[PDB]
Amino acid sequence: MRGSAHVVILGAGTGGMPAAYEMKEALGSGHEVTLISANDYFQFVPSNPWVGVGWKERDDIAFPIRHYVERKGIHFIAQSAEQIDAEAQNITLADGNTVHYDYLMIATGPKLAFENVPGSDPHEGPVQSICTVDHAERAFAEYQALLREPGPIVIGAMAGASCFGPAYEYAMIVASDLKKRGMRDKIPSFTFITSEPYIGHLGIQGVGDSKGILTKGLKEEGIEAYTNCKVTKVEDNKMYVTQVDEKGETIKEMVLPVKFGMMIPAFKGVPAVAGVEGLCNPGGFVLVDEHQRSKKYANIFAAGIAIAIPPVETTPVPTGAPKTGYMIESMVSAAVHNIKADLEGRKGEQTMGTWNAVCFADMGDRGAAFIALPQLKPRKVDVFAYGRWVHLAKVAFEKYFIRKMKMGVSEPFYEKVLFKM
């Protein structure tokens, strides 16, 4: 309200949950901060691949949100937004209630566009997914069912995907698990299918020796890999694959039977956000400026996977670049600062900073991780590392982040640099 702005954060994920705490800390008791999310629980998404192979469980990586944000003075609504009226500044919830805002920060993450590939929805066939804890459990359940009746395996990433690390990770840990149970030899064909133009492109034109290391890894595990692939449909428990050349021409079509499958889908913007006239690009991603502010609506900000970031290359089969945790947090931090500035008469000048991608993939005792920045080459940092110390860092970070999400974030978040100081 006038003189007491009401700020709403839409989505309680990697970006949204920190956004709620930070917003409240920034604004204080004089302003209302409301967090709205489809689920009543936070999940640490980088852990989902492990849930999907049964190496972690839901209660290790998820917890109920209400108590933690409420004790900070944050209002929590465990309801999905179905409609956003940018003109009246009203959000319509699933239960038909409306919530008014003075400022809105959209942190809704990805819509999993299973509809791009008929039959690829985890509920429509054998092709599962590990992006959400709900789906990773379903993935594991199916994995258990492959244990009973072994058959062909197909793991990978669909056309349009932007999140490739997890595909490599899932394929490696499945291989690893097939052995620790002792049943790898029961598989007629383990196949990696990706829209990447080459192994380890990762949607970022490769990083360090990602190609050689990942290529060698898949071979070591007896996994046959195909690049430049798009799945046209999943039907009758068969995946129909078209492989193309550098110019898009078909070089082969394949019909792969699937007993157990997992393909990372393409991401789009969620429907409530995509549905706002003039807010988004055609993929449903919010068009924002360097300050995280909507180009159309001055009182709408956005952060996380939800924002649009222009491509910098165009691959034979459509692919996207990932939006990862450190950059997401920088976007959140910028949006919070600049909303505060708005409430006080100034144009916030804070930006998300240099584009970067960071990803940690834990294999069990050793992990691989990459750091790349900026987006285009030649980069200032282009590192792909492998070692047990990567595994140890992933373990350490998940523990940290989950704790921070329960205890609150002030904060110039990552002073996770004082492993130096």
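A residue's number is simply how far along the shown sequence it sits, counting from 1.
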### Task
Report the stretch with the higher mean CA temperature factor, choosing between 41 to 49 and 62 to 70 on the basis of the entry.
62 to 70
### Query
Which of the two stretches, 144 to 152 or 86 to 94, shows the higher mean Cα temperature factor in the record?
144 to 152
### Task
Just grab whichever of 220, 277, 209, 329 has the top CA B-factor as deposited.
220
## Note on the structure
Per the deposited entry, the peak Cα B-factor within the set 267, 285, 260, 103 goes to 260
### residue 395 - Cα temperature factor, lowest/middle/highest third of chain
middle
### Query
Sorting the chain's CA B-factors, does residue 198 end up in the lowest, middle or highest third?
middle
### Message
Split into thirds by Cα B-factor across the chain's modelled residues, where does residue 365 land: lowest, middle or highest?
### Response
highest
### Summary
Entry-reported C-alpha B-factor of residue 57 relative to its chain, by third, is highest
### Query
Sorting the chain's CA B-factors, does residue 190 end up in the lowest, middle or highest third?
highest
